[PDB]
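> so I've got this experimental structure, pasted below with the sequence.
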Amino acid sequence: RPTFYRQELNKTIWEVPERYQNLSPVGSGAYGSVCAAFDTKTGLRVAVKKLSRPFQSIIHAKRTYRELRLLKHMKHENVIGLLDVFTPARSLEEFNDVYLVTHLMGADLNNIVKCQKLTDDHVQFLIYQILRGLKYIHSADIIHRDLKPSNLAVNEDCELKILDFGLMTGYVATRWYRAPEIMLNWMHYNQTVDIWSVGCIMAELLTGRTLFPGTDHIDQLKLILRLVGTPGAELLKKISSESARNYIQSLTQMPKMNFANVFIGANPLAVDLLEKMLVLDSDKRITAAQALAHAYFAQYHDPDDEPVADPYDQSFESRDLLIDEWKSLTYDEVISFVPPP
Ligand SMILES: Cc1ccc(C(=O)NC2CC2)cc1-c1cc2cnn(-c3ccc(F)cc3F)c2n(C)c1=O
């Protein structure tokens, strides 16, 4: 058991081991605040997320457990993986705080597209890495569901990692990347929900502006349908939701726009990919494993450096437990964590 030390960082008190030094706050995370640190043991610069009161409710505690179990499982270059987890608590009885430790990056794609000119190659590298993380993420029967720039951490030398996987109204940017099916509650939609979100990002990288900047769920669906066209009889009987199916029919039927006329001055191979990613019916979207083979990524595609993952155990998700039973489950995982080589 290492020595801990206390530091007041933005009205909240952090208690960390000696090995983490030079703590500077960075902003928001998923259900907590994040600090940057230098890990004197491994020599890496690391982001440390402290979870804010993780055991105050049942919905909180399960989510505390959910987040830690995801990261433990993730060992991939383009996916955020757990480097360490600790707690200042000495025993289960006093145990209340969880600090997660992962790799550190410069910013997400929100803070860069502003003051950058991005050559066709920048896109090639950036999208290839997303889909590479996705292929791996999806192989463990996991969906992100909320893929967007803000959760794609990025480097000076253009390296990329994915955050907030496995975890909303008006003129807000958190909705502009959603696949229409999950946005409007349609069906057992599948993994290819994230392939839509790519298509929307890639476009924004290629054009410098948002593809579907809707003012509400409806205004956005209309923007989407203007480009990709209105559903045929095939996709209608696939929507297993009464109210949604009823609304789609009532809409004036629109044909598919010519994709070359929208994203202009862009690589023809990039265009042909977007057509295969922005398909409305998610039984006909190109899969991650398939997307890497596309001739667009010809100079990066290395099949022997595109690994899949081991199946993820999600049987804990269908269990009704109390606070202290999620707490105990979590406690066990934290003290049983063994750091990488
Ligand atoms: C510390 C941490 C813990 C967990 C998760 C996570 O996604 N968990 C769910 C289960 C999958 C993410 C992070 C996490 C990692 C990194 C790396 N870099 N940056 C980062 C730093 C400055 C900046 F401007 C942008 C940035 F992305 C991170 N931020 C802001 C983070 O929140």
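Yes, it's here. Residues are numbered from 1 along each chain as shown.
> got the buried residues for stretch 108-117?
Residues of stretch 108-117 classed as buried by neighbour count (16 or more other CB atoms under 10 Å): 108, 109. To be clear about C-beta, it is placed using only N, CA and C from the backbone, and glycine gets the same treatment.
> I'd say residue 25 and residue 33 touch.
Yes - between residue 25 and residue 33 there is a contact under CB atoms under 8 Å: 6.9 Å.
> shared neighbours of these two, anything?
Listed as contacting both residue 25 and residue 33 by CB atoms under 8 Å, 6 or more residues apart in numbering are residue 10.
> so these two - more neighbours on which side?
Higher neighbour count among residue 25 and residue 33: residue 33, with 19 against 12, using other CB atoms under 10 Å.
> what sits against the closest residue to residue 300 other than its chain neighbours?
Counting by CB to CB, 6 or more residues apart in numbering, residue 300 lies nearest to residue 128, which is 4.7 Å off, once chain neighbours are set aside. Residues counted as contacts of residue 128 (CB under 8 Å, 6+ apart) are 292, 297, 300, 301.
> sitting in helices, which of those residues do you find?
Residues of the contacts of residue 128 located in helices (DSSP state H): none.
> among those, which one sits closest to residue 231?
residue 292 (28.1 Å; CB to CB).
> does the closest one touch residue 133 like I think?
No - with contact defined as CB under 8 Å, residue 292 does not reach residue 133; the gap is 11.2 Å.
> and the strands in this structure?
In the chain, the strands defined using DSSP state E lie at 4-8, 13-17, 20-28, 32-39, 45-51, 82-86, 99-103, 107-108, 152-154, 160-162.
> OK, contacts around residue 191?
138, 143, 287, 288.
> reformat the contacts of residue 128 as CSV; add distance to the ligand and neighbour count.
Output for the contacts of residue 128, formatted as CSV (distance: CB to the nearest ligand atom, whole Å; neighbours: other CB atoms under 10 Å):
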residue, distance to the ligand, neighbour count
292, 22, 20
297, 24, 19
300, 22, 16
301, 26, 16
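> let's have the strands of the chain in JSON lines, adding distance to the ligand.
What follows is the strands of the chain, written out as JSON lines (distance: least, CB to the nearest ligand atom, whole Å):
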{"stretch": "strand 4-8", "distance to the ligand": "17"}
{"stretch": "strand 13-17", "distance to the ligand": "13"}
{"stretch": "strand 20-28", "distance to the ligand": "4"}
{"stretch": "strand 32-39", "distance to the ligand": "5"}
{"stretch": "strand 45-51", "distance to the ligand": "4"}
{"stretch": "strand 82-86", "distance to the ligand": "8"}
{"stretch": "strand 99-103", "distance to the ligand": "4"}
{"stretch": "strand 107-108", "distance to the ligand": "4"}
{"stretch": "strand 152-154", "distance to the ligand": "3"}
{"stretch": "strand 160-162", "distance to the ligand": "7"}
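> look up how far residue 204 lies from residue 161.
For residue 161, the distance to residue 204 equals 19 Å [CB to CB, to the nearest Å].
> those two: who's more crowded?
residue 161 (23 against 19).
> how about the residues of the stretch 101-250 of the chain near the ligand?
102, 103, 104, 105, 107, 108, 153, 163, 164, 165, 167 (CB under 6 Å from any ligand atom).
> drop anything exposed from those.
Among those, those classed as buried by 16+ other CB under 10 Å are 102, 103, 104, 105, 108, 153, 163, 164, 165.
> tabulate the CA atom coordinates of the longest helix seen in the chain in CSV.
For the chain, the helix that runs over the most residues, judged by DSSP H, is helix 120-139. Presented in CSV, the C-alpha positions along helix 120-139 are these (Å, rounded to 0.1, in the frame of the first residue of the first chain):
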residue,chain,number,x,y,z
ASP,A,120,-7.0,14.6,-47.4
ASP,A,121,-4.4,12.5,-45.6
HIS,A,122,-5.3,13.9,-42.1
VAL,A,123,-8.8,12.5,-42.7
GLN,A,124,-7.5,9.2,-43.9
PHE,A,125,-5.5,8.7,-40.7
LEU,A,126,-8.2,10.1,-38.4
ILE,A,127,-11.1,8.0,-39.8
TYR,A,128,-9.0,4.8,-40.1
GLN,A,129,-8.2,5.0,-36.4
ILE,A,130,-11.8,5.5,-35.4
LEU,A,131,-13.0,2.5,-37.4
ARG,A,132,-10.0,0.5,-36.0
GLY,A,133,-11.1,1.2,-32.4
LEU,A,134,-14.7,0.5,-33.5
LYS,A,135,-13.9,-2.9,-35.1
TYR,A,136,-12.2,-3.8,-31.8
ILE,A,137,-15.0,-2.3,-29.6
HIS,A,138,-17.7,-4.0,-31.6
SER,A,139,-16.0,-7.4,-31.5
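> quick one: the helices in the protein, in order.
Using DSSP H, helices in the chain cover 58-73, 120-139, 180-183, 193-207, 217-228, 233-236, 242-249, 268-277, 288-291, 323-335.
> wait, which of those helices is closest to residue 16?
helix 323-335 (14.2 Å).
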